[PDB]
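Everything below concerns the one structure shown next.
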Amino acid sequence: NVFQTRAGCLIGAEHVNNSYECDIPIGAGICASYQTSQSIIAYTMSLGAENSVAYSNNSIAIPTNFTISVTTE
Amino acid sequence: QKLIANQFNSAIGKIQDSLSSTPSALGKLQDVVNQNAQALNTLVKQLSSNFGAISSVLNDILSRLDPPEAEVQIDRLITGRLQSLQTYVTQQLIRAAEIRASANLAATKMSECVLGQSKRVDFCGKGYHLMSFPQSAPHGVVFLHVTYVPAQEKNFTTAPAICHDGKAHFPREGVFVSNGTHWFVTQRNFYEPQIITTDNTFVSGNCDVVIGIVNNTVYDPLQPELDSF
Amino acid sequence: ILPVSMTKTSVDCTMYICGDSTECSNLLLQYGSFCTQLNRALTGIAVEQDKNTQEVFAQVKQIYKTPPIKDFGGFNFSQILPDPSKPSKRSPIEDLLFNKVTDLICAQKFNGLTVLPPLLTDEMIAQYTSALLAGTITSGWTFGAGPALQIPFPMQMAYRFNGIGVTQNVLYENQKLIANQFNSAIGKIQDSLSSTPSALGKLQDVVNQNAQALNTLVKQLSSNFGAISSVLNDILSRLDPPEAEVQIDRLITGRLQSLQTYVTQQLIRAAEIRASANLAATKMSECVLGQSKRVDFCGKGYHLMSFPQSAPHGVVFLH
Ligand SMILES: *[C@@H]1O[C@H](CO)[C@@H](O)[C@H](O)[C@H]1NC(C)=O
Ligand SMILES: *[C@@H]1O[C@H](CO)[C@@H](O)[C@H](O)[C@H]1NC(C)=O
Ligand SMILES: *[C@@H]1O[C@H](CO)[C@@H](O)[C@H](O)[C@H]1NC(C)=O
Ligand SMILES: *[C@@H]1O[C@H](CO)[C@@H](O)[C@H](O)[C@H]1NC(C)=O
Ligand SMILES: *[C@@H]1O[C@H](CO)[C@@H](O)[C@H](O)[C@H]1NC(C)=O
């Protein structure tokens with residue numbers, strides 16, 4: 001399977017029309033992954049979950065609980 | 001406090017599991033060590049290259065060529081070996097500058113994240129920074145950034161101020177919120193509703209200059225003492 | 001204005017030093033692991049610049065959107081929010097920054113000089129910028145430290161006034177004046193970038209230095225370095241293999257070291273851009289995702305709040 005990326009010709013990876021988090025970075029917004037009989041797919045990067053914050057001129061969101069998260073660096 | 005301690009202990013245990021389940025969690029350290037060995041490996045492997053001379057081994061050139069006739073071949077290896085060593089030193093200087101920048105960042109994080117509590121957002125981990133705990137790691141440091149992440153939000157109808165007696169009341173600290181019918185004042189970062197008093201709010205002039213104000217009662221704390229009298 | 005990314009160039013000795021010259025090729029492999037090292041050095045830079053962009057802009061895993069009706073108590077973000085009309089979903093300021101930064105890269109590309117495209121193409125870099133903008137207006141300083149909690153933008157600004165020691169009543173009385181000052185200041189930024197082009201010099205210099213180093217790396221193949229000629233098929237067509245061996249070698253060591261210097265300059269340049277990208281990432285974390293008390297960090301004055309803007313190979317903060 002032949003796909004034409006702006007980074008070059010990609011052979012062996014089918015070009016799906018979906019969008020996922022970048023698994024293997026190809027370039028020019030295209031990232032490849034191993035997903036569904038499973039194959040290697042080449043998609044456009046999904047920058048994140050599409051969500052609009054319910055903004056309003058008289059609406060505020062205030063947390064009621066919390067999480068003490070210990071990240072590592 | 002009990003919930004916070006339980007969340008803290010669970011988060012620390014998850015850090016142990018995350019580092020255990022994910023060995024690559026330390027790629028930033030392993031890469032540095034790998035880079036060093038690779039440069040050292042490259043520096044050793046150059047001595048197996050003759051750089052245009054007859055052979056890489058010097059005893060070989062000196063045991064089968066004449067001293068003034070092996071002169072040029074000796075020099076070719078000297079140029080190539082010293083240029084290869086010049087490259088390695090320059091790479092090490094590049095990489096030492098990178099590590100020095102990372103070490104300065106680590107020293108800064110230790111000064112601010114550990115020895116204090118930094119308001120610098122996303123500096124000491126993602127969230128509102130509480131504290132940090134350093135950990136010695138091979139040729140590096142691992143910070144456990146204990147952060148306060150708000151979790152369960154709730155939409156409230158808010159208001160910039162409260163016009164009680166023809167004069168605007170603004171929250172002394174926090175915001176004004178309403179559960180739909182009653183108005184409360186609460187902290188910005190945690191829903192703790194409080195009755196709007198003159199102690200939770202200050203006053204600034206009349207109440208027709210701020211846009212978005214809503215008429216509501218500001219409960220004067222000492223008025224019930226008037227009723228007692 | 002802060003440089004963030006750099007042109008992801010990638011050399012190939014066995015075509016740069018000499019193409020269609022097998023005798024040079026095995027002479028190269030006699031030199032050893034110089035060139036597997038150089039491709040390693042430059043792919044290390046190329047991954048680094050992909051990671052520079054990924055850490056300045058991808059501070060959010062959620063792509064936020066402003067409400068379709070854009071009222072914010074009087075603040076006009078139309079000059080920084082992306083245009084739904086233009087094909088490129090960039091703000092007029094972003095468009096202005098792009099038109100103020102200037103095929104020539106293909107020229108060096110012809111000479112064994114690949115220019116890998118950045119992983120985050122400029123339209124998705126703009127999406128991060130739009131996401132950071134939409135989060136900063138709708139949520140404020142909160143979406144960068146957990147969930148995106150909506151808040152009236154004037155209420156958020158009123159808080160940011162409270163952050164600098166100015167009680168929020170000052171805003172609510174002067175909200176119309178603040179909004180007018182805000183919109184006027186944004187408009188002046190548009191004019192300032194339009195009128196003064198050198199404004200983006202910090203970005204243009206980076207691009208210029210990239211091309212200059214690439215330009216120099218191409219002008220070196222036109223130098224014989226002390227050999228009979230600079231062209232290799234010339235030396236191979238008018239000298240013997242055991243005789244051209246020395247002249248071929250002279251061009252190899254000369255071209256190889258010129259490659260060494262360019263890689264060293266790129267490593268210096270990548271380190272400088274790494275420092276600027278870390279500074280840009282820090283400013284995005286503190287100036288944008290929060291409100292920093294660090295004096296003169298997020299602009300001259302008491303920092304209220306900031307706006308990122310994607311620019312070619314960099315980011316522009318409106319403080
Ligand atoms: C309130 O918040 C919820 C969850 O984010 C959202 O789905 C809902 O539409 C919001 N409603 C209003 C009126 O803001
Ligand atoms: C609002 O909250 C108060 C408790 O502080 C409660 O008594 C009242 O019934 C609530 N009204 C609503 C549902 O808005
Ligand atoms: C916000 O806008 C609505 C109209 O959409 C208006 O009815 C309401 O009173 C306003 N509240 C404010 C100013 O917060
Ligand atoms: C509050 O009272 C005023 C009169 O003092 C009235 O004009 C207004 O509509 C009322 N509503 C508000 C501002 O909450
Ligand atoms: C901002 O002002 C421009 C005119 O300069 C206008 O076209 C646009 O609709 C305004 N947008 C907002 C959000 O007020």
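Chain lettering (A, B, ...) mirrors the order of the structure tokens, residue numbering begins at 1 for each chain separately, and ligand numbering begins at 1 in order of display.
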
*Please identify every polymer residue within 6 Å of ligand 2, using only C-alpha atoms and all ligand atoms, and present the set as a PyMOL selection string.*
chain B and resi 179-182

Which residues are near ligand 3 in this structure, taking near to mean any atom at most 8 Å from a ligand atom and counting only C-alpha atoms and all ligand atoms? Format them as a PDB file with N, CA, C and O atoms, in the first residue's frame.
```
ATOM      1  N   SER A  56     -19.728  31.315  29.700  1.00  0.00           N
ATOM      2  CA  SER A  56     -20.904  32.166  29.729  1.00  0.00           C
ATOM      3  C   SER A  56     -20.584  33.379  30.586  1.00  0.00           C
ATOM      4  O   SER A  56     -19.762  33.305  31.501  1.00  0.00           O
ATOM      5  N   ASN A  57     -21.245  34.496  30.284  1.00  0.00           N
ATOM      6  CA  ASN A  57     -20.931  35.743  30.968  1.00  0.00           C
ATOM      7  C   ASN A  57     -21.270  35.710  32.451  1.00  0.00           C
ATOM      8  O   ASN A  57     -20.813  36.591  33.187  1.00  0.00           O
ATOM      9  N   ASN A  58     -22.052  34.737  32.910  1.00  0.00           N
ATOM     10  CA  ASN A  58     -22.391  34.626  34.324  1.00  0.00           C
ATOM     11  C   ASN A  58     -22.345  33.176  34.780  1.00  0.00           C
ATOM     12  O   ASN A  58     -23.207  32.719  35.537  1.00  0.00           O
ATOM     13  N   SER A  59     -21.339  32.430  34.332  1.00  0.00           N
ATOM     14  CA  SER A  59     -21.204  31.031  34.714  1.00  0.00           C
ATOM     15  C   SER A  59     -19.759  30.743  35.080  1.00  0.00           C
ATOM     16  O   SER A  59     -18.846  31.072  34.316  1.00  0.00           O
TER      17      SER A  59
ATOM     18  N   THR B 158     -22.600  32.837  38.590  1.00  0.00           N
ATOM     19  CA  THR B 158     -21.761  33.729  39.375  1.00  0.00           C
ATOM     20  C   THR B 158     -22.125  35.182  39.093  1.00  0.00           C
ATOM     21  O   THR B 158     -23.012  35.484  38.290  1.00  0.00           O
ATOM     22  N   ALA B 159     -21.423  36.089  39.773  1.00  0.00           N
ATOM     23  CA  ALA B 159     -21.686  37.509  39.607  1.00  0.00           C
ATOM     24  C   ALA B 159     -20.469  38.296  40.045  1.00  0.00           C
ATOM     25  O   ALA B 159     -19.834  37.924  41.040  1.00  0.00           O
ATOM     26  N   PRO B 160     -20.106  39.365  39.338  1.00  0.00           N
ATOM     27  CA  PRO B 160     -18.961  40.175  39.778  1.00  0.00           C
ATOM     28  C   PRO B 160     -19.119  40.740  41.176  1.00  0.00           C
ATOM     29  O   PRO B 160     -18.145  40.767  41.940  1.00  0.00           O
ATOM     30  N   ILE B 211     -21.052  46.146  35.711  1.00  0.00           N
ATOM     31  CA  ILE B 211     -22.003  45.428  34.873  1.00  0.00           C
ATOM     32  C   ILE B 211     -21.972  43.956  35.261  1.00  0.00           C
ATOM     33  O   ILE B 211     -20.897  43.383  35.479  1.00  0.00           O
ATOM     34  N   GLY B 212     -23.151  43.356  35.386  1.00  0.00           N
ATOM     35  CA  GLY B 212     -23.275  41.995  35.856  1.00  0.00           C
ATOM     36  C   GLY B 212     -23.644  41.854  37.314  1.00  0.00           C
ATOM     37  O   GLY B 212     -23.844  40.725  37.777  1.00  0.00           O
ATOM     38  N   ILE B 213     -23.739  42.961  38.053  1.00  0.00           N
ATOM     39  CA  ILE B 213     -24.094  42.888  39.462  1.00  0.00           C
ATOM     40  C   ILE B 213     -25.527  42.392  39.609  1.00  0.00           C
ATOM     41  O   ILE B 213     -26.377  42.593  38.732  1.00  0.00           O
TER      42      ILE B 213
ATOM     43  N   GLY C  73     -17.460  40.673  27.922  1.00  0.00           N
ATOM     44  CA  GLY C  73     -17.520  41.900  28.679  1.00  0.00           C
ATOM     45  C   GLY C  73     -16.909  43.097  27.991  1.00  0.00           C
ATOM     46  O   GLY C  73     -16.699  44.124  28.645  1.00  0.00           O
ATOM     47  N   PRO C 152     -16.364  33.983  33.593  1.00  0.00           N
ATOM     48  CA  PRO C 152     -16.493  35.205  32.801  1.00  0.00           C
ATOM     49  C   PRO C 152     -15.095  35.808  32.600  1.00  0.00           C
ATOM     50  O   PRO C 152     -14.382  35.949  33.577  1.00  0.00           O
TER      51      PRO C 152
END
```

*Give the residues of chain B that lie within 7 Å of chain A; count only C-alpha atoms, and format the answer as a ChimeraX atom specification.*
/B:4,7-8,11-12,125,142-159,188-191

Taking a cut-off of 7 Å and counting only C-alpha atoms, can you build a table that, for each residue of chain C near chain A, reports the nearest atom pair and how far apart they are in Å (one decimal), sorted by chain then residue number, as a tab-separated table?
```
residue	atom	partner	partner_atom	distance
C:61	CA	A:48	CA	5.0
C:62	CA	A:48	CA	4.8
C:63	CA	A:50	CA	5.1
C:64	CA	A:52	CA	5.1
C:65	CA	A:52	CA	4.8
C:66	CA	A:52	CA	6.8
C:67	CA	A:55	CA	6.5
C:72	CA	A:57	CA	6.8
C:116	CA	A:7	CA	6.7
C:117	CA	A:28	CA	5.4
C:118	CA	A:28	CA	5.6
C:119	CA	A:27	CA	3.9
C:120	CA	A:29	CA	5.2
C:121	CA	A:28	CA	4.9
C:138	CA	A:55	CA	5.4
C:148	CA	A:53	CA	6.5
C:149	CA	A:61	CA	4.8
C:150	CA	A:55	CA	5.1
C:151	CA	A:60	CA	4.4
C:152	CA	A:57	CA	4.8
```

*Would you give me, as a list in words, the residues of chain B that come within 7 Å of chain C, using only C-alpha atoms?*
residues 42, 46, 49, 50, 51, 52, 120, 121, 122, 126, 127, 128, 149, 150, 151, 160, 170, 204, 209 and 210 of chain B

With N, CA, C and O atoms retained, write the just-selected residues as a PDB file, in the first residue's frame.
```pdb
ATOM      1  N   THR B  42      32.578   5.348  19.601  1.00  0.00           N
ATOM      2  CA  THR B  42      33.047   5.956  18.363  1.00  0.00           C
ATOM      3  C   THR B  42      34.508   6.360  18.474  1.00  0.00           C
ATOM      4  O   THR B  42      35.284   6.177  17.532  1.00  0.00           O
ATOM      5  N   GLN B  46      37.580   4.562  16.091  1.00  0.00           N
ATOM      6  CA  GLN B  46      38.406   5.284  15.130  1.00  0.00           C
ATOM      7  C   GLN B  46      39.827   4.745  15.083  1.00  0.00           C
ATOM      8  O   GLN B  46      40.483   4.825  14.037  1.00  0.00           O
ATOM      9  N   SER B  49      40.584   2.566  12.298  1.00  0.00           N
ATOM     10  CA  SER B  49      40.548   3.172  10.976  1.00  0.00           C
ATOM     11  C   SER B  49      41.922   3.725  10.626  1.00  0.00           C
ATOM     12  O   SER B  49      42.563   4.385  11.450  1.00  0.00           O
ATOM     13  N   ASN B  50      42.369   3.450   9.403  1.00  0.00           N
ATOM     14  CA  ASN B  50      43.698   3.828   8.955  1.00  0.00           C
ATOM     15  C   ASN B  50      43.756   5.233   8.368  1.00  0.00           C
ATOM     16  O   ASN B  50      44.843   5.689   8.002  1.00  0.00           O
ATOM     17  N   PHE B  51      42.614   5.909   8.250  1.00  0.00           N
ATOM     18  CA  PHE B  51      42.545   7.316   7.842  1.00  0.00           C
ATOM     19  C   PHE B  51      43.354   7.590   6.578  1.00  0.00           C
ATOM     20  O   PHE B  51      43.934   8.665   6.417  1.00  0.00           O
ATOM     21  N   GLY B  52      43.396   6.620   5.672  1.00  0.00           N
ATOM     22  CA  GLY B  52      44.145   6.733   4.445  1.00  0.00           C
ATOM     23  C   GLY B  52      45.531   6.128   4.500  1.00  0.00           C
ATOM     24  O   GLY B  52      46.131   5.893   3.445  1.00  0.00           O
ATOM     25  N   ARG B 120       5.208  29.170  40.121  1.00  0.00           N
ATOM     26  CA  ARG B 120       5.460  29.068  38.691  1.00  0.00           C
ATOM     27  C   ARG B 120       4.673  27.897  38.122  1.00  0.00           C
ATOM     28  O   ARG B 120       4.930  26.740  38.474  1.00  0.00           O
ATOM     29  N   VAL B 121       3.716  28.194  37.246  1.00  0.00           N
ATOM     30  CA  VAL B 121       2.808  27.171  36.750  1.00  0.00           C
ATOM     31  C   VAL B 121       3.561  26.182  35.877  1.00  0.00           C
ATOM     32  O   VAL B 121       4.413  26.563  35.062  1.00  0.00           O
ATOM     33  N   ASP B 122       3.262  24.900  36.060  1.00  0.00           N
ATOM     34  CA  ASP B 122       3.847  23.784  35.321  1.00  0.00           C
ATOM     35  C   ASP B 122       5.357  23.688  35.483  1.00  0.00           C
ATOM     36  O   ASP B 122       5.999  22.897  34.785  1.00  0.00           O
ATOM     37  N   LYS B 126       2.569  19.273  36.725  1.00  0.00           N
ATOM     38  CA  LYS B 126       1.301  19.772  36.209  1.00  0.00           C
ATOM     39  C   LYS B 126       0.277  19.837  37.334  1.00  0.00           C
ATOM     40  O   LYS B 126      -0.072  18.813  37.928  1.00  0.00           O
ATOM     41  N   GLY B 127      -0.198  21.041  37.624  1.00  0.00           N
ATOM     42  CA  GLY B 127      -1.176  21.292  38.657  1.00  0.00           C
ATOM     43  C   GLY B 127      -0.693  22.379  39.580  1.00  0.00           C
ATOM     44  O   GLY B 127       0.348  23.005  39.358  1.00  0.00           O
ATOM     45  N   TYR B 128      -1.456  22.616  40.639  1.00  0.00           N
ATOM     46  CA  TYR B 128      -1.050  23.572  41.659  1.00  0.00           C
ATOM     47  C   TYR B 128      -0.027  22.911  42.565  1.00  0.00           C
ATOM     48  O   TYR B 128      -0.330  21.916  43.233  1.00  0.00           O
ATOM     49  N   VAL B 149      -4.539  18.991  42.162  1.00  0.00           N
ATOM     50  CA  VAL B 149      -5.289  19.057  40.917  1.00  0.00           C
ATOM     51  C   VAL B 149      -6.775  19.103  41.265  1.00  0.00           C
ATOM     52  O   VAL B 149      -7.308  18.127  41.814  1.00  0.00           O
ATOM     53  N   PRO B 150      -7.471  20.203  40.994  1.00  0.00           N
ATOM     54  CA  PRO B 150      -8.929  20.216  41.174  1.00  0.00           C
ATOM     55  C   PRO B 150      -9.585  19.156  40.306  1.00  0.00           C
ATOM     56  O   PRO B 150      -9.191  18.937  39.160  1.00  0.00           O
ATOM     57  N   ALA B 151     -10.599  18.489  40.856  1.00  0.00           N
ATOM     58  CA  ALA B 151     -11.138  17.290  40.228  1.00  0.00           C
ATOM     59  C   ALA B 151     -12.582  17.436  39.770  1.00  0.00           C
ATOM     60  O   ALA B 151     -12.860  17.248  38.583  1.00  0.00           O
ATOM     61  N   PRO B 160     -20.106  39.365  39.338  1.00  0.00           N
ATOM     62  CA  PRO B 160     -18.961  40.175  39.778  1.00  0.00           C
ATOM     63  C   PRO B 160     -19.119  40.740  41.176  1.00  0.00           C
ATOM     64  O   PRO B 160     -18.145  40.767  41.940  1.00  0.00           O
ATOM     65  N   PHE B 170     -18.088  43.314  46.823  1.00  0.00           N
ATOM     66  CA  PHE B 170     -17.217  42.404  46.110  1.00  0.00           C
ATOM     67  C   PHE B 170     -16.600  41.412  47.087  1.00  0.00           C
ATOM     68  O   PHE B 170     -16.329  41.768  48.234  1.00  0.00           O
ATOM     69  N   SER B 204     -17.391  48.999  47.456  1.00  0.00           N
ATOM     70  CA  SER B 204     -16.759  50.022  46.620  1.00  0.00           C
ATOM     71  C   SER B 204     -17.866  50.770  45.872  1.00  0.00           C
ATOM     72  O   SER B 204     -18.309  50.342  44.805  1.00  0.00           O
ATOM     73  N   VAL B 209     -22.390  50.931  38.476  1.00  0.00           N
ATOM     74  CA  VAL B 209     -21.227  51.121  37.628  1.00  0.00           C
ATOM     75  C   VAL B 209     -20.602  49.796  37.202  1.00  0.00           C
ATOM     76  O   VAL B 209     -20.057  49.709  36.096  1.00  0.00           O
ATOM     77  N   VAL B 210     -20.705  48.758  38.022  1.00  0.00           N
ATOM     78  CA  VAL B 210     -20.284  47.418  37.628  1.00  0.00           C
ATOM     79  C   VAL B 210     -21.406  46.752  36.842  1.00  0.00           C
ATOM     80  O   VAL B 210     -22.576  46.799  37.236  1.00  0.00           O
TER      81      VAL B 210
END
```

*Let me have all residues with an atom within 7 Å of ligand 4, counting only C-alpha atoms and all ligand atoms, laid out as JSON, numbers by chain.*
{"B": [166, 213, 214, 215]}

Let's have the selection written as a compact mmCIF listing (two decimals), in the first residue's frame, with N, CA, C and O atoms.
```txt
# COMPACT_ATOMS: atom_id res chain seq x y z
N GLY B 166 -27.73 49.47 47.73
CA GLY B 166 -27.32 50.47 46.77
C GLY B 166 -25.83 50.65 46.66
O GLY B 166 -25.38 51.59 46.00
N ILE B 213 -23.74 42.96 38.05
CA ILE B 213 -24.09 42.89 39.46
C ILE B 213 -25.53 42.39 39.61
O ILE B 213 -26.38 42.59 38.73
N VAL B 214 -25.80 41.72 40.73
CA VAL B 214 -27.12 41.19 41.03
C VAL B 214 -27.49 41.61 42.45
O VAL B 214 -26.68 41.49 43.37
N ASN B 215 -28.71 42.12 42.61
CA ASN B 215 -29.20 42.47 43.94
C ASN B 215 -29.30 41.22 44.81
O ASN B 215 -29.84 40.20 44.38
```

How would you report the residues lying within 6 Å of ligand 5, as an mmCIF file with N, CA and C atoms, in the first residue's frame, if you count only C-alpha atoms and all ligand atoms?
```cif
data_model
loop_
_atom_site.group_PDB
_atom_site.id
_atom_site.type_symbol
_atom_site.label_atom_id
_atom_site.label_comp_id
_atom_site.auth_asym_id
_atom_site.auth_seq_id
_atom_site.Cartn_x
_atom_site.Cartn_y
_atom_site.Cartn_z
ATOM 1 N N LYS C 70 -19.020 35.546 20.624
ATOM 2 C CA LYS C 70 -17.797 35.999 21.275
ATOM 3 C C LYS C 70 -18.046 37.343 21.947
ATOM 4 N N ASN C 76 -12.109 42.333 22.844
ATOM 5 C CA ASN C 76 -12.214 41.910 21.452
ATOM 6 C C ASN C 76 -10.985 41.076 21.115
ATOM 7 N N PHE C 77 -11.148 39.757 21.128
ATOM 8 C CA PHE C 77 -10.072 38.833 20.797
ATOM 9 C C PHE C 77 -10.063 38.437 19.330
ATOM 10 N N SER C 78 -10.905 39.065 18.504
ATOM 11 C CA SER C 78 -10.964 38.701 17.099
ATOM 12 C C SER C 78 -9.604 38.819 16.431
#
```

_Atomic distance CA of residue 56 in chain C - CA of residue 2 in chain C, expressed in Å with one decimal_ =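 Computed distance, CA of residue 56 in chain C to CA of residue 2 in chain C, equals 10.5 Å.
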
*Report the distance between CA of residue 91 in chain C and CA of residue 279 in chain C in Å, rounded to one decimal place.*
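Between CA of residue 91 in chain C and CA of residue 279 in chain C the gap is 23.4 Å.
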
_Just want the 9 Å neighbourhood of range 72-75 of chain B, counted on only C-alpha atoms, with same-chain residues fewer than 3 positions away dropped. Output as a count of residues only._
12

*Assign secondary structure with DSSP using the backbone only, and return the residues of range 9-202 of chain B in strand (DSSP E or B) as a PyMOL selection string.*
chain B and resi 128-137+140-150+155-157+159+162-163+167-171+175-178+183-186+194-195+197+201-202

*If you measure from CA of residue 203 in chain C to CA of residue 314 in chain C, what distance in Å do you get, rounded to one decimal?*
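The value is 6.6 Å.
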
_Which residues are near residue 179 in chain C? Cut-off 6 Å, only C-alpha atoms, ignore same chain within fewer than 2 positions. Put them as a ChimeraX atom specification._
/C:74-75,176-177,181-182
